[PDB]
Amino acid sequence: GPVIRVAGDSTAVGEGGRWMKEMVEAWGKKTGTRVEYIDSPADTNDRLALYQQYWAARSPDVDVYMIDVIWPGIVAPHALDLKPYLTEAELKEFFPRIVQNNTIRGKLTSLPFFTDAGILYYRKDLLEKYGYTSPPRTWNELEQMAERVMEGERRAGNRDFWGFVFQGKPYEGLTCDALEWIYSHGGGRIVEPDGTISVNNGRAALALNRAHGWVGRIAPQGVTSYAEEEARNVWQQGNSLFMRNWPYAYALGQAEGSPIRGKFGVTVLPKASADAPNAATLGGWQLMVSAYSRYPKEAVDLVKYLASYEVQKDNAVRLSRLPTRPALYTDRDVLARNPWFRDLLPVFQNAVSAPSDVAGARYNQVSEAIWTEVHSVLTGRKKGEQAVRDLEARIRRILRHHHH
């Protein structure tokens, strides 16, 4: 029979690739269909370029792709419209904001699979040891706590110990961290939903200068090369007070044999002041049937299975990744495993999207501009003031003649 081939997630990031292969194999066994899993690189922007080689070729060699929340406007021509395959009631079982993100000129490009939000991981054992009773609410507090805990852990012999790790590599992840920095200082959304390029302002500049001030001080010098997993591995070994990352890291830190099992919590990221908005970048992944698949019926069946209640449940319970179905947020087993899903639900509801809707098919290019200018601040090459001016000019060139 047909072989249904899937590219989605990466064995280089946590358990997501191993789990995705396992779910696809489970569907193949359940339906009696042959399946193959094709692995992907870690970083989302590398995966986009890989998948684009298949799409440019109209290649039938991959039937199902796991696509980023930032991709529908880019990838729509390469997606099979799923709208005729789902009833209205089936579609209403997902969060409507995500179904809307995935719908481009009326084409339902992809089913919501899991959502994502940037959060603050913190070592609660260490906060207690150093006399703090809550995690930091402001970035100034985060800095003060990091400096104090670092001084003590270094003095006690831990040469590897840092205050804060995050994603400072030049790739999409840095755009996500930087949107949080800027938005949490009252600096805006970089490009607003209405199209205004707003980034050249003093609050955004401050945000970026502040992040530079961490590098080599409370965060490792090498943080300018860290993606999700580089940060996570410093954290997970017990060597960081704080980490910014996504929900997937929680299950991994609780695993048997994790040095930090039972020693951490999560909360909203800090902000510049009490009247700034909370910032959590909205992420997440979707399930797309290739417009070039020779087997659309089977591929749609696999996509509906992966997006189903029990597979999203398994993703929540085993991998601590956030469902796209509201009903799972009231499931007793989901909540007992991950009580913080309830505690942070409003952080997840208020998450701020990167500017993929307004940049549309040009989002790749806009984000590359953001991460490169932000990286130039983190490296010390430019100050935030210069970087936000140069970034404004670059985004202006990229989006000239683009209407939304």
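Start at 1 and count along the sequence shown; that's the residue number. Just so we're on the same page, rigid core means the largest C-alpha set that superposes within 1.5 Å between forms.
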{"query": "Higher C-alpha RMS shift from the shown form in 4 other deposited structures of this protein - 249 to 257 or 305 to 313, rigid core fit", "finding": "305 to 313"}
{"query": "Higher-deviation segment by CA RMS in 4 other deposited structures of this protein, core fitted, 380 to 388 or 19 to 27", "finding": "19 to 27"}
{"query": "156 to 164 versus 320 to 328 - greater average Cα B-factor per the deposited record", "finding": "156 to 164"}
{"query": "Stretch with the greater mean C-alpha B-factor as recorded in the entry, comparing 167 to 175 against 304 to 312", "finding": "304 to 312"}
{"query": "Out of 128, 180, 228, 116, highest CA B-factor residue", "finding": "128"}
{"query": "Residue, from 265, 222, 187, 257, that the PDB entry assigns the highest Cα B-factor", "finding": "257"}
{"query": "Cα B factor band for residue 92 (lowest, middle or highest third within the chain)", "finding": "highest"}
{"query": "Lowest, middle or highest third - CA B-factor, residue 292", "finding": "middle"}
{"query": "Assigned third (lowest, middle, highest) for the C-alpha B factor of residue 344", "finding": "highest"}
{"query": "Record-listed C-alpha B factor of residue 195: chain third", "finding": "middle"}
{"query": "Lowest, middle or highest third - CA B-factor, residue 45", "finding": "lowest"}
